[PDB]
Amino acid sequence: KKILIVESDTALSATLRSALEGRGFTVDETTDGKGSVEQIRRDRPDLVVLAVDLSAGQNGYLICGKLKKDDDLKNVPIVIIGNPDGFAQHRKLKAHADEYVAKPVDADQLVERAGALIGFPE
């Protein structure tokens, strides 16, 4: 089970990657929001952990929007990590994510949600 973390906070990304790896997921990381949709197309992760507050002012909800509108990528499960002050708005939309986890992230909660969406590695 393969996860891509799209997060420019490298310290957070490394922490979350380690928790997920300890549970048995294979995990990759990218700091590059501009590039992430095409990376997901080439690599096809089983799940994406997607930060809202990406580099250079990028809105990670917009990446989710591109993914939920792409016929080949719209079923990749998406866990948003971000300020919960944005979740109520985003949950209404056609391009809502599959799970929303507040920053500051509880790594164990994130691991649980990943397993809930794609199953735990066995």
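Don't overthink the numbering: it's just position in the shown sequence, from 1.
The deposited model assigns a higher average Cα B-factor to 67-75 than to the other stretch when 67-75 and 45-53 are compared. Mean CA temperature factor is higher for 36-44 when stretches 22-30 and 36-44 are set side by side in the entry.
Across the options 80, 93, 62, 88, the residue with the most elevated CA B-factor in the record is 62. Among all modelled residues in its chain, residue 102 ranks in the lowest third by Cα B-factor. Residue 114: CA B factor in the highest third of modelled residues in this chain (values from the PDB entry).
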